[PDB]
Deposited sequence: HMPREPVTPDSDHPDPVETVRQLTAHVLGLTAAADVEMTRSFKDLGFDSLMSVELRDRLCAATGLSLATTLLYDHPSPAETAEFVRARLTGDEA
C-alpha cells in the first residue's frame, strides 16, 4: 500500500487506484527532481534507477 499511496499524490493524481504497477517510472512522467522527491518522501516511511518499476519497489517494503 506504500506504492499506490505516497506516490499518486507526488504525480498529482486524485485517486490512488489510478496508478498501475506495470509501466516504468519514466513512462509515468518521472524526472530527476521527481525521483529525488519520491526518494525523500519514501525515506520517511539512485534506487529508482536500479528498479524502474513500481511493482519491484513494492516488494521491498
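Where C-alpha coordinates are absent, the deposited sequence of this PDB chain has the segments 1 to 17, 63 to 69, 86 to 94.
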